[PDB]
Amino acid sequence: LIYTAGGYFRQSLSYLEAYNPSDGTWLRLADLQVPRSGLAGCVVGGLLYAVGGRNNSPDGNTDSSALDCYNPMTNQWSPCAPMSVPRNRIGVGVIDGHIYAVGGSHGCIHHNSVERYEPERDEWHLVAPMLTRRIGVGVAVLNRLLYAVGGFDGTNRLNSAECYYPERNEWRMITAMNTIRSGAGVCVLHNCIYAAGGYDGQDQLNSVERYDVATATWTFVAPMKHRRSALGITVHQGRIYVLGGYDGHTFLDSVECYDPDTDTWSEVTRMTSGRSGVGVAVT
């Protein structure tokens, strides 16, 4: 199943909900111990990790350096070592059982730093920084390379993407996207990096484009039904799901699913409540 953790509707949320694309049901589990939005979700060793984000509440607006681990059989959260810095609107990828925490903001500081967590030592350590400061950055791993895609540097929203090589600790700019995208959903479906939606500084986007490594080319595919930024995104059974987000007026509950063979989007699900800025992952 695909778990969504955190999110935001009037305040940051502690929801942990699981969607069944087979039954179409929603299964609700333990609350996050601290509410979080603008966080990222991943899975390592079947354990679900929630990374960074922020607690935007009626009494505060605290950027999170926290990393928290959910175990699907135990149904319980456990704190892990926290990152060097708080990272709101962070991006994360998984390579060789390690957690990469990418960019994000703390206050008005927009990070270019990246750090790496290893679950069996419970430690973070900094690696080479990106060439660009990026919050709202989409992150993906393909051929066990780490891609940071789009985002916002504090001033400009970005269509650039860069690649991190683990065995040299270096970042390389790649071909930029056709569209400037901050707060897009970025994943690796089959073997292209997919960037769906986001915000270009004036409009939320429903366009989706994908990066083909062999040709270093971005190509437009089926555009999403409903424009959305700050969306959750994951791949289930070889097809992509995008959950929630913001369209400039309302917090979406819509969940869309992309079939890569037909190249078609349409509405699969409502979340139990509309929200943006969730962390999504599958186990």
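Heads up: residue numbers just count along the shown sequence, starting at 1.
Mean CA temperature factor is higher for 161 to 169 when stretches 174 to 182 and 161 to 169 are set side by side in the entry. Taking only CA atoms, the mean B-factor in the PDB entry is higher for 74 to 82 than for the other of 109 to 117 and 74 to 82. Across the residues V221, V255, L39, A230, the deposited record lists the maximum Cα B factor for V255. The maximum CA B-factor among the listed residues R133, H190, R89, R210, taken from the PDB record, is found at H190. In the PDB entry, a CA B factor belonging to the middle third of its chain's modelled residues is recorded for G93.
Annotation for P58: C-alpha temperature factor in the lowest third relative to the rest of the modelled chain, per the entry. Among all modelled residues in its chain, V51 ranks in the middle third by Cα B-factor. In the deposited entry, the Cα temperature factor of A66 places it in the middle third of its chain's modelled residues. When the modelled residues of the chain are ordered by their C-alpha B factor, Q33 lands in the middle third.
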